[PDB]
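*Asks:* My questions all concern the structure below.
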Amino acid sequence: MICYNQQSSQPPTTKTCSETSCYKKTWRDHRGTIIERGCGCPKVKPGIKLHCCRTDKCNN
Amino acid sequence: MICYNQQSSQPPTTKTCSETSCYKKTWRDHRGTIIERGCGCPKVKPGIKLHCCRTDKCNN
Amino acid sequence: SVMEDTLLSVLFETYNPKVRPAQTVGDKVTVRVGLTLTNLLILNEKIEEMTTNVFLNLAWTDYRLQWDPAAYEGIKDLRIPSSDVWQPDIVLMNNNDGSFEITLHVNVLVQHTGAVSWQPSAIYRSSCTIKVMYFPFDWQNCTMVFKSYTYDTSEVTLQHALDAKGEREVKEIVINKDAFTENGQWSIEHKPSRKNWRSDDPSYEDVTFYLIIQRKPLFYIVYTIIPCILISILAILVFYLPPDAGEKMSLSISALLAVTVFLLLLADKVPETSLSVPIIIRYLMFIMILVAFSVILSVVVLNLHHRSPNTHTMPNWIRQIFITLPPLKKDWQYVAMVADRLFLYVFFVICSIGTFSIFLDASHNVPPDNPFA
Amino acid sequence: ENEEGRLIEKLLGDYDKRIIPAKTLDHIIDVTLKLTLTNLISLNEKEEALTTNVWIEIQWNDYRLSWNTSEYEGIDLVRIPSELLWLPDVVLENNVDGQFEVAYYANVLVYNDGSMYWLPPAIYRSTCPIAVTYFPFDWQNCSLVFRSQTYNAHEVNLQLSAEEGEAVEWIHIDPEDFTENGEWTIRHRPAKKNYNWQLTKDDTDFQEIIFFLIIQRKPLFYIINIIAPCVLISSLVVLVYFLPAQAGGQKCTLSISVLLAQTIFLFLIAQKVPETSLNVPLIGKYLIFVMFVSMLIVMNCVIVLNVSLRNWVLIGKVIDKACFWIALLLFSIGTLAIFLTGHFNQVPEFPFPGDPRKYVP
Amino acid sequence: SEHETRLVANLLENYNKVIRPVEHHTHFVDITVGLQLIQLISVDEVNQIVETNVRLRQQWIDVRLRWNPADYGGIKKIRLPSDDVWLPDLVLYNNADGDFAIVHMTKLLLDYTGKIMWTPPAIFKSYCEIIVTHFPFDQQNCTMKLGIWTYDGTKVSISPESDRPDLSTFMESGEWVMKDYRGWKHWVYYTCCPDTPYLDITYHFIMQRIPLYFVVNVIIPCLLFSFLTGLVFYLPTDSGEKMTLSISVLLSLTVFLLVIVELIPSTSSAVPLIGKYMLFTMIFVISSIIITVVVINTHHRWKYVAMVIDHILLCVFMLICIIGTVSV
Amino acid sequence: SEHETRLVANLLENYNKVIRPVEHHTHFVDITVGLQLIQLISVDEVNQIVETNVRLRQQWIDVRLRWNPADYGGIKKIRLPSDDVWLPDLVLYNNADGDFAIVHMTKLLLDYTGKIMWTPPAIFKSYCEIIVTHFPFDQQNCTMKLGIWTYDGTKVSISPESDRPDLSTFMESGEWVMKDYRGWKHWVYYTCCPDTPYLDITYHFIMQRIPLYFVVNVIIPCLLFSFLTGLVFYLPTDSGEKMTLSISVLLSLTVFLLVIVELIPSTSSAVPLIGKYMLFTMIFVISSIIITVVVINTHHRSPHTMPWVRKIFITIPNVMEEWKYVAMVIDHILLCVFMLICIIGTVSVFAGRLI
Amino acid sequence: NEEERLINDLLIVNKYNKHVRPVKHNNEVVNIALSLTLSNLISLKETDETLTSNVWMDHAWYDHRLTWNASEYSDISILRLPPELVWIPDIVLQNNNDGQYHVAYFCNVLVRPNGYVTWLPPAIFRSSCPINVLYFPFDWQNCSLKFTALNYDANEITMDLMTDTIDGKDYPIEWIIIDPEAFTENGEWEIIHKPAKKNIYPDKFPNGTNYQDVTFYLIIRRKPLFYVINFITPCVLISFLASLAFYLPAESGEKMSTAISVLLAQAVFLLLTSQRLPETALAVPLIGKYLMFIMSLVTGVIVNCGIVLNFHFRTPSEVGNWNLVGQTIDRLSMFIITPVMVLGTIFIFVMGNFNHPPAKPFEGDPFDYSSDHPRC
Ligand SMILES: *[C@@H]1O[C@H](CO)[C@@H](O[C@@H]2O[C@H](CO)[C@@H](O[C@@H]3O[C@H](CO[C@H]4O[C@H](CO[C@H]5O[C@H](CO)[C@@H](O)[C@H](O)[C@@H]5O)[C@@H](O)[C@H](O)[C@@H]4O)[C@@H](O)[C@H](O)[C@H]3NC(C)=O)[C@H](O)[C@H]2NC(C)=O)[C@H](O)[C@H]1NC(C)=O
Ligand SMILES: *[C@@H]1O[C@H](CO)[C@@H](O[C@@H]2O[C@H](CO)[C@@H](O)[C@H](O)[C@H]2NC(C)=O)[C@H](O)[C@H]1NC(C)=O
Ligand SMILES: *[C@@H]1O[C@H](CO)[C@@H](O[C@@H]2O[C@H](CO)[C@@H](O)[C@H](O)[C@H]2NC(C)=O)[C@H](O)[C@H]1NC(C)=O
Ligand SMILES: *[C@@H]1O[C@H](CO)[C@@H](O)[C@H](O)[C@H]1NC(C)=O
């Protein structure tokens, strides 16, 4: 399964992984907003939005 | 009877009292060596050398 | 702005804040001292100390910092940092710790006429005597004195502050209702302000702010009075139990152990001042002595109950008096019961009268309407 | 006119306090320091911190601050404030808080030949692990580590002061103006220069001067308030064997009330023992043992009551008498052995076990 | 030395500590950050604060502080104070109530090539996530996060000098053991700004609480009272000591609850093993009281059935006490 | 004032604050140091420290700070900040955990003749000498030693301003009462230095604790427990009730031991009077436990036969089932002797320091 | 390094004065926008009513003097200057127990070519905030941090709120910013509402330091787990034993012992809870109300079983009749009082347990002040 592993608005970058899920994690801190991308989709602290997905390259 | 009432290396001085003994109390502090002289002799804290002497002009 | 910079450069060309302002040699600078009490933090009596957060109003006229606003783009006042302008050393004198000077150095406000204003906030920890003899049902005077540490009455003349619209002086600690939090255990009844002199010292003068505050004892009332009342109820009940149950000492000494437990509870919260005994400690000791006498009299009752003709012979005086008050062993239990009922009535009278007298003495303690200040 | 003004203005002119006073390269500033303890303020085992008031003196040489006494009206000693001169940054490294430096920055006494005599008093919250094995009958071996904070062994040479030609390898104590802490007595007080051979000549941690303080607690407050009350109260569990085993004999309440009093003593000792989890305190071991003894007392009372109220009462009394001696002997030998072990714990008569010297004037 | 005086004078004639020491403002100042653990002052579970004594090793190159040793007598190292040069403002991103930056000056070593070696001490009070679930047999993995407060990655970059902190001079805590300790450098990018990295370093220490103080202070008496409370059932009901023994061991357990509640951390994040075992003992005692009151009621209502009930209850409560003290 | 500004500018032009004010280096600065005890903040015995709020008043003359009042318009007193002139460094020699010197500046008063009038405040945490032997009826005599740190007698000389410390504005402590306060000055010479005196001023205050808090919170419950523990012997053995009363008064006294050790200072220099009394009461209660146990064992004896015991216990009753009678006689004997022991011990433990 | 030339031109060449506020004429106002980032909540221990918390208060103001042309120099887009060289508007926390009014670390600022200065100094603040113990331990505390500008009046500077952008529109930051990833929840306190508000007091005049205010409220609800495990459950169980003491026969004269010992355990629990709350007299704590109710009930239990014991041991000077009378009155008293205790405890502890915060701060304001749904 191929999905983006970049962070925030970097140039796109992909990685191979055995999980059937790929997530986009977005949250805001005292400076700005952070977008985190990777495989699977684990539990997150309250106040963070997550985008569990199943197809290839869907966490853009 | 007469003892010495000087202290340390002061010019010699003499005194008379009702006790028949003298003493020379010498101890070391952070700045030098102190010598205390008079007549009789009392109990002292540890670390001090006494010269309890019964004769006359013996605590020089 | 550029004009403000020009005015600041002109004003501070030859001005040093270490020289007292004086038009003529020997002149006095009238300093107005005021206080706004933001909140009364704590008045713990273990260390005999009161902590307050206050704004200390100051107002003195400095002739060197005056100008013509017509020549400076119509600017009437400036905000100059307090370290660039002379101020009197108006400090707290009766402070428990070593903090004399104001905590926060806000910049001063100077008008074009030379008038200078200063409202520096401070966390002042002042020491004040605690009259612990009606504790906790007490009110504390707990004064707070302000004066210039270095300048005396021959160089400065302290005065009372002025209200917002300034025609008449204010002689009391004013409170900003927008910024004020009640302590929750203290209520500010009187808050006067008065200048003090000393006849022995003609070169002395201060401005003093008092706080006649009366404690709210609900916490102490509940947590000590109510269990003490229950302990008194147990101690008065232990008589009514029958001697044959053989359990009077259990109840009596358990009540005594409980009252010692509350002594342990309260020993932390009572001040360690030996001037006088507070009401609460006197009440605790009264209850403890009452329980001790209950134990002693119940031991007497048990001893009279278990006596037997084979060991004790009835004297004539107890027979007539205890079989007089009601208006061979069976006589012993009867005398035991009569003595028990007499002790019950006697301790009812003693406990009720003592408790009512103590609470009436501690309830007629009210701060005076005139704080004599 | 005070000529000391002329000396100060001449010496401090073109004098930089950020410069090592080395004349050239390969010149090492020999710093001689001796410690004079004034008060042993406290030692709290909860924080594992030792608080003392000490007057450390520091001596060293500065070639830039020497003059000719002949041309300056014959004066040779001048006092210069410490903030205007270069100072060797000797600090107490093993401190619980961040107070590395001295408390009072006293004036520095300069001499004719550029010698220095700085005696700044200081209060140090030094750290030392607590050996709780023999508490409260314990002796603590607490240290005070002094090393230069910035300069290494190639720039300064820390060493002990030399008085009358012999190095003062001890913490100086004023015998007549010193009072005991009241809980701790000072037995040994050696001082030795130490090297960290695991670390090279550089890196500022090679050399150090260590001032030890072997102190033994005075166990008088603990005995009369914790130890003796505990042993006296729990000596009462052997009296359950003389009470009758019937209704009103009333053994179980005695045993359980002595146990609850021991629990109250466990609360009392909870505020005194430290939080170190390396060894069980000796008094803690005794408390656990004596509660176990009370446990045997309670169980034995239970079986005695069961037998005397079933079987027959006389066999119950025989069991009672037989086990009374066992319980009394057990309690006596346990308490005697524990308190003998506590009492026999004494400070070693050598400051360093392998070093034959006494390290005392 | 007069030569070193000439160094200190010349190097600081036109030196601004306000301005970072880089040849061109586009470039970045590279800093190698290192941590040297010394001791653990304390670990506060209720306040979730870990206080430690550390010295922060910082190395970086200054281009404006170069000199030729041959021109100045051959010296190659000086000891300028901190307040005379530029300083990276390394701060704790998870400070609880300590000092964010470093408040100790501790004059820094300066090589002739411009390299600067600064090792100031600090008392880091890092906010620590305390997990009270296996207390006291618990493991702590709370860290300290370091980073440049005002400069970003493309201006001032910090790199760890070693993959793990320095514990060559560590002093044993007495109640904590370091299983592992490492250091990681994090790259974080913001949506505002695709090419502005922000760098930080987190030094995480694994800590094992030594379970001896709480075991001999809190665990032993819980088991002690628990084994007591099941023993009351073997007493005959004829003796009037059943309720006395049972309620008195309950009262001793109450005083023990008092000492525990003043001893163990008061944090309410989760119930620990201490809390679970205390609850188990308390429930055991309460059930013992209730059922043995029923036993006395059976006696004074029957003696044989009361005795056999007492033996059965004794066996059952021995069994459940053992399984409860083994499971927890 | 422009005149005062000009005067301040003139005085502080060539002035140097790191040189003592003497015309010739052989001279000494004459300083008169005096204290003003304002309050006694606290006296903790466990750390053996006394802390008080004072302000030490010292006077000296600075020759190079003089001026002619007629030249400057007539000003005679000026108020330079203390940070820019020469200051003697008086250091509390027995400082425990406070500040050796002062930290507050509190700008001084300067006279036209050069005299300096400087009274800065300071909280002295002076080390104390605590003797806990008659506590709480204890009198303390710990001192407050001051002297110049870096200078000696021949360079900076200090003398007391008044023979006694100034206590005109000393507020009442509330738990201490002061008998005497006194000020002494000592010269010490060293085996070095045959003509170099070293000077200091020692102020000692005789402090007596006000014994009312400890008497009515720590002693009266001890009296009650001591009275009650010996009274169990009046309670007949027939009720299974002696044991509960005696062990429960012991337990209450143990709780009172908890609170007393929470209150009493934890110093271990010597056993205090309160500690001696509580140890006595512990021993008294324990002895009552053993005596009650042996009495109970006597009561429930039953046929072994009763021996001379009946000869003395069935002559003792003549000067005021058989096992119960002898137990009753023994109980009354023990109650009488235990009341006597309790009262005589209570009188004797506090006999002295109260008579 | 063009930074040297830029700093020298800005601060020294132009004669920058840090003690004069940055206005063109002395009639304009300085717009100062504030935010507050709560790094962590340290504690709110109730003895001193302190709210100690590490916060990251963020400033943003315009300084016309700190402007330059980027193209004239090298393309320097961001500049950094220590606070002691630039005009720093000192706002302070008006309510705090300790004497710390300013921020902890006076960190470096960031200034842009247009003069936009941003300052984010970390700070540890120990504010004073009252505590209502009425529903302890199930209570929620509503106490705040109050920030005011005491150096300049509202006629000179204005304390606004930070405004950000999502879709080209500006909306004020009306809440305390919490970093969801970095923030670890406190072990005793749970943050429910974090509203931020700018306060203007019409009572006073603009020419005064106390006319404007920015308040950062914090409504936090305690986690009732420690107290329901070490204070509620054992007390309830021993109260249940006190109630059950009536089911004990009077033949064994040992009921008084059980009742009085339960009362003594109640006294021990009172001792324990007396050191967990401030000496506030506004209202009785729920723990206090429950404890005094249960101790009064246990005293009634003791008195009533004492009545039962006295009735049982009556004599004509037949005894089975008195024994049955005692048993009947004991059963009647149990049936009367046990439901009373059970219902009272249940009612008290469900009344306490029903104390959720009103889910809407500023009751007269429909806005929830939540970061999920901004205003503009
Ligand atoms: C209170 O506590 C203190 C410390 O906490 C106790 O003081 C300790 O006392 C011990 C007994 O004397 C000391 O042990 C002795 O240490 C010395 C010195 O050890 C150092 O040097 C060793 C040798 O280094 C040379 O050789 C190496 C190999 O060739 C070379 O590589 C190197 O460059 C050197 O040339 C080194 O191996 C070691 O690691 C040390 O750095 C030894 O010579 C003795 O053999 C030790 N044993 C004896 C019996 O003397 C111990 O050093 C000392 N600690 C400290 C910190 O000084 C004190 O005794 C306690 N008081 C009590 C218990 O009453
Ligand atoms: C609170 O204390 C102040 C002074 O400590 C009291 O003020 C005195 O009042 C009396 C009676 O009018 C005057 O004779 C004194 O001159 C006042 N000053 C002093 C220094 O004693 C004040 O009366 C006290 N308040 C109350 C309510 O008692
Ligand atoms: C939390 O407390 C704040 C301040 O104490 C409350 O805000 C004020 O509440 C009062 C009471 O009705 C109103 O009159 C004011 O208009 C409110 N605002 C201000 C600025 O004072 C707030 O309502 C409280 N919230 C909760 C949920 O208790
Ligand atoms: C503030 O403005 C009011 C409005 O008229 C005025 O009455 C008052 O005098 C002013 N205060 C100052 C200090 O200028």
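Simple scheme: letters A, B, ... for chains in structure tokens order, numbers from 1 for residues in each chain, numbers from 1 for ligands in the order shown.
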Give me, as JSON, numbers by chain, the contact residues of chain D against chain F at a cut-off of 6 Å, counting only C-alpha atoms.

*Replies:* {"D": [1, 2, 5, 182, 183, 220, 221, 243, 248]}

*Asks:* Using only C-alpha atoms and a cut-off of 7 Å, which residues of chain C sit close to chain F? Please list them as an mmCIF file with N, CA and C atoms, in the first residue's frame.

*Replies:*
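Saved result, out.cif, follows:
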```
data_model
loop_
_atom_site.group_PDB
_atom_site.id
_atom_site.type_symbol
_atom_site.label_atom_id
_atom_site.label_comp_id
_atom_site.auth_asym_id
_atom_site.auth_seq_id
_atom_site.Cartn_x
_atom_site.Cartn_y
_atom_site.Cartn_z
ATOM 1 N N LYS C 18 18.080 61.653 42.819
ATOM 2 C CA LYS C 18 18.578 61.526 44.180
ATOM 3 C C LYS C 18 18.525 62.841 44.948
ATOM 4 N N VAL C 19 17.867 63.858 44.402
ATOM 5 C CA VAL C 19 17.760 65.168 45.033
ATOM 6 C C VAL C 19 16.288 65.465 45.274
ATOM 7 N N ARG C 20 15.949 65.778 46.517
ATOM 8 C CA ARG C 20 14.571 66.108 46.858
ATOM 9 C C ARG C 20 14.201 67.464 46.268
ATOM 10 N N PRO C 21 13.038 67.593 45.629
ATOM 11 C CA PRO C 21 12.645 68.892 45.071
ATOM 12 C C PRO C 21 12.403 69.920 46.164
ATOM 13 N N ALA C 22 12.854 71.149 45.911
ATOM 14 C CA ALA C 22 12.680 72.233 46.877
ATOM 15 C C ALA C 22 12.872 73.562 46.159
ATOM 16 N N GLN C 23 11.808 74.365 46.090
ATOM 17 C CA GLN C 23 11.946 75.730 45.591
ATOM 18 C C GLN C 23 12.933 76.526 46.432
ATOM 19 N N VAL C 25 15.419 76.499 50.219
ATOM 20 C CA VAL C 25 16.065 75.629 51.193
ATOM 21 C C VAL C 25 15.161 75.458 52.404
ATOM 22 N N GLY C 98 11.573 40.929 55.187
ATOM 23 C CA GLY C 98 12.443 42.043 54.885
ATOM 24 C C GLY C 98 12.058 42.869 53.679
ATOM 25 N N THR C 150 13.388 57.233 54.677
ATOM 26 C CA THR C 150 14.551 58.099 54.826
ATOM 27 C C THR C 150 14.202 59.552 55.122
ATOM 28 N N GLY C 246 -21.893 -3.706 81.600
ATOM 29 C CA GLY C 246 -20.444 -3.777 81.701
ATOM 30 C C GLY C 246 -19.730 -3.166 80.517
ATOM 31 N N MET C 249 -17.218 1.957 80.486
ATOM 32 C CA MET C 249 -15.869 2.463 80.253
ATOM 33 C C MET C 249 -15.513 2.449 78.778
ATOM 34 N N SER C 250 -16.012 1.467 78.025
ATOM 35 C CA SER C 250 -15.763 1.452 76.589
ATOM 36 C C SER C 250 -16.244 2.746 75.947
ATOM 37 N N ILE C 253 -14.255 6.016 77.503
ATOM 38 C CA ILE C 253 -12.877 6.209 77.083
ATOM 39 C C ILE C 253 -12.782 6.307 75.566
ATOM 40 N N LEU C 257 -10.932 9.333 73.865
ATOM 41 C CA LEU C 257 -9.956 9.164 72.795
ATOM 42 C C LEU C 257 -10.347 9.998 71.584
ATOM 43 N N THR C 260 -9.467 13.586 72.283
ATOM 44 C CA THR C 260 -8.030 13.758 72.073
ATOM 45 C C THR C 260 -7.689 13.792 70.588
ATOM 46 N N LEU C 264 -5.769 16.733 68.588
ATOM 47 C CA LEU C 264 -4.735 16.571 67.570
ATOM 48 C C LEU C 264 -5.101 17.318 66.293
ATOM 49 N N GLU C 272 0.146 29.485 68.153
ATOM 50 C CA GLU C 272 0.961 29.174 69.325
ATOM 51 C C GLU C 272 1.324 30.431 70.110
ATOM 52 N N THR C 273 0.313 31.220 70.462
ATOM 53 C CA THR C 273 0.496 32.428 71.254
ATOM 54 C C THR C 273 0.062 32.153 72.688
ATOM 55 N N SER C 274 0.901 32.545 73.645
ATOM 56 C CA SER C 274 0.678 32.244 75.051
ATOM 57 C C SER C 274 0.052 33.403 75.817
ATOM 58 N N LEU C 275 -0.406 34.445 75.121
ATOM 59 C CA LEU C 275 -1.036 35.569 75.808
ATOM 60 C C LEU C 275 -2.318 35.140 76.511
ATOM 61 N N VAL C 299 -16.877 4.936 87.052
ATOM 62 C CA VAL C 299 -16.113 3.966 87.835
ATOM 63 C C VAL C 299 -16.701 3.846 89.234
ATOM 64 N N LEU C 302 -19.881 1.780 88.939
ATOM 65 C CA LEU C 302 -19.585 0.355 88.803
ATOM 66 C C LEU C 302 -19.118 -0.242 90.124
ATOM 67 N N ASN C 303 -18.275 0.486 90.858
ATOM 68 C CA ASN C 303 -17.799 -0.005 92.145
ATOM 69 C C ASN C 303 -18.949 -0.176 93.127
ATOM 70 N N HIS C 306 -21.030 -3.357 92.005
ATOM 71 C CA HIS C 306 -20.460 -4.682 92.204
ATOM 72 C C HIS C 306 -20.169 -5.008 93.663
ATOM 73 N N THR C 311 -18.267 -8.594 101.203
ATOM 74 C CA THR C 311 -17.080 -7.751 101.145
ATOM 75 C C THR C 311 -17.297 -6.371 101.742
#
```

*Asks:* For the structure I just gave you, how does DSSP split stretch 12-196 of chain F - specifically, which residues are helix (DSSP H, G or I)? Reply as an MDAnalysis selection string.

*Replies:* chainID F and resid 63:65 82:84

*Asks:* Could you write out that same residue set with C-alpha atoms as a CSV table (one decimal), in the first residue's frame?

*Replies:*
```
chain,number,residue,atom,x,y,z
F,63,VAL,CA,36.1,63.9,55.7
F,64,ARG,CA,36.1,64.2,51.9
F,65,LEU,CA,32.2,64.5,51.9
F,82,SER,CA,24.2,54.4,50.3
F,83,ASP,CA,25.4,52.7,47.1
F,84,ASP,CA,27.8,55.5,46.1
```

*Asks:* Please, what distance in Å, to one decimal, runs between atom CA of residue F:303 and atom CA of residue D:320?

*Replies:*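 A separation of 18.6 Å between them.
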
*Asks:* Given a cut-off of 10 Å, which residues of chain B touch chain D, counting only C-alpha atoms, written out as a PyMOL selection string?

*Replies:* chain B and resi 26-30+44-48

*Asks:* Residues contacting ligand 3 - anything with an atom at most 10 Å away, using only C-alpha atoms and all ligand atoms - can you give me those as a PyMOL selection string?

*Replies:* (chain C and resi 178+181) or (chain G and resi 129-130+140-144+192-193+195-201+213-220+357-365)

*Asks:* Distance cut-off 7 Å, counting only C-alpha atoms - which residues of chain G neighbour chain C? Return them as a VMD selection string.

*Replies:* chain G and resid 22 to 26 98 to 99 150 to 151 253 256 to 257 260 264 267 271 279 to 282 299 303 306 309 to 310 313

*Asks:* Write a file of the selected residues as an mmCIF file, in the first residue's frame, keeping N, CA and C atoms.

*Replies:*
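selection_32.cif, freshly written:
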```cif
data_model
loop_
_atom_site.group_PDB
_atom_site.id
_atom_site.type_symbol
_atom_site.label_atom_id
_atom_site.label_comp_id
_atom_site.auth_asym_id
_atom_site.auth_seq_id
_atom_site.Cartn_x
_atom_site.Cartn_y
_atom_site.Cartn_z
ATOM 1 N N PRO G 22 5.628 53.759 20.580
ATOM 2 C CA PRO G 22 5.775 54.018 19.132
ATOM 3 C C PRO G 22 4.529 54.581 18.452
ATOM 4 N N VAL G 23 4.379 55.900 18.526
ATOM 5 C CA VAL G 23 3.293 56.598 17.854
ATOM 6 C C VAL G 23 3.871 57.764 17.066
ATOM 7 N N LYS G 24 3.179 58.133 15.985
ATOM 8 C CA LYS G 24 3.609 59.282 15.195
ATOM 9 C C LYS G 24 3.353 60.585 15.941
ATOM 10 N N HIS G 25 2.176 60.718 16.544
ATOM 11 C CA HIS G 25 1.837 61.856 17.382
ATOM 12 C C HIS G 25 1.292 61.340 18.704
ATOM 13 N N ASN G 26 1.382 62.175 19.738
ATOM 14 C CA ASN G 26 0.944 61.746 21.059
ATOM 15 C C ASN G 26 -0.564 61.897 21.211
ATOM 16 N N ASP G 98 2.226 35.401 44.707
ATOM 17 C CA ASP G 98 3.616 35.802 44.833
ATOM 18 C C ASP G 98 3.839 37.165 44.179
ATOM 19 N N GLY G 99 5.085 37.628 44.212
ATOM 20 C CA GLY G 99 5.417 38.935 43.685
ATOM 21 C C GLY G 99 5.881 38.938 42.244
ATOM 22 N N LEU G 150 -0.578 48.292 33.289
ATOM 23 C CA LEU G 150 -0.461 49.326 34.305
ATOM 24 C C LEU G 150 0.509 50.435 33.922
ATOM 25 N N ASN G 151 1.262 50.271 32.834
ATOM 26 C CA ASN G 151 2.221 51.294 32.439
ATOM 27 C C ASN G 151 1.580 52.400 31.611
ATOM 28 N N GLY G 253 -23.167 -8.022 75.633
ATOM 29 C CA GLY G 253 -23.122 -6.592 75.860
ATOM 30 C C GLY G 253 -21.910 -5.970 75.206
ATOM 31 N N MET G 256 -22.365 -1.422 72.094
ATOM 32 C CA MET G 256 -21.798 -0.097 72.318
ATOM 33 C C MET G 256 -20.415 0.002 71.703
ATOM 34 N N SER G 257 -19.609 -1.052 71.855
ATOM 35 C CA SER G 257 -18.249 -1.036 71.326
ATOM 36 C C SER G 257 -18.251 -0.823 69.819
ATOM 37 N N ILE G 260 -19.547 2.898 68.972
ATOM 38 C CA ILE G 260 -18.605 3.952 69.331
ATOM 39 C C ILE G 260 -17.329 3.849 68.510
ATOM 40 N N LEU G 264 -15.686 6.580 66.120
ATOM 41 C CA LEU G 264 -14.296 7.006 66.240
ATOM 42 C C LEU G 264 -13.589 6.935 64.889
ATOM 43 N N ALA G 267 -14.522 9.943 63.191
ATOM 44 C CA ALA G 267 -13.689 11.045 63.661
ATOM 45 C C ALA G 267 -12.324 11.033 62.984
ATOM 46 N N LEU G 271 -10.683 13.928 60.731
ATOM 47 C CA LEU G 271 -9.295 14.368 60.830
ATOM 48 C C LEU G 271 -8.620 14.377 59.468
ATOM 49 N N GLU G 279 -9.931 26.833 54.735
ATOM 50 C CA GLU G 279 -10.836 27.239 55.809
ATOM 51 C C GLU G 279 -11.834 28.282 55.296
ATOM 52 N N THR G 280 -12.509 27.920 54.210
ATOM 53 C CA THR G 280 -13.495 28.781 53.575
ATOM 54 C C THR G 280 -14.853 28.574 54.232
ATOM 55 N N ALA G 281 -15.513 29.675 54.583
ATOM 56 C CA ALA G 281 -16.794 29.627 55.273
ATOM 57 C C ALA G 281 -17.964 30.057 54.396
ATOM 58 N N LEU G 282 -17.775 30.133 53.076
ATOM 59 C CA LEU G 282 -18.889 30.484 52.199
ATOM 60 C C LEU G 282 -19.973 29.415 52.227
ATOM 61 N N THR G 299 -24.384 9.048 66.176
ATOM 62 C CA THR G 299 -24.678 9.404 67.559
ATOM 63 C C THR G 299 -26.103 9.015 67.928
ATOM 64 N N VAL G 303 -27.210 6.441 70.884
ATOM 65 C CA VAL G 303 -28.211 6.768 71.893
ATOM 66 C C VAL G 303 -29.345 5.754 71.867
ATOM 67 N N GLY G 306 -28.300 2.448 73.197
ATOM 68 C CA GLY G 306 -28.206 2.591 74.640
ATOM 69 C C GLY G 306 -29.564 2.516 75.312
ATOM 70 N N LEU G 309 -30.392 -1.141 75.338
ATOM 71 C CA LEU G 309 -29.676 -1.870 76.383
ATOM 72 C C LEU G 309 -30.256 -1.580 77.760
ATOM 73 N N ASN G 310 -30.621 -0.324 78.023
ATOM 74 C CA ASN G 310 -31.215 0.010 79.313
ATOM 75 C C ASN G 310 -32.572 -0.658 79.482
ATOM 76 N N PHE G 313 -32.170 -4.616 80.325
ATOM 77 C CA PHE G 313 -31.720 -5.001 81.656
ATOM 78 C C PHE G 313 -32.626 -4.482 82.769
#
```

*Asks:* Pull out every residue of chain B sitting within 12 Å of chain F, counting only C-alpha atoms, and send them as a ChimeraX atom specification.

*Replies:* /B:6-12,26-36
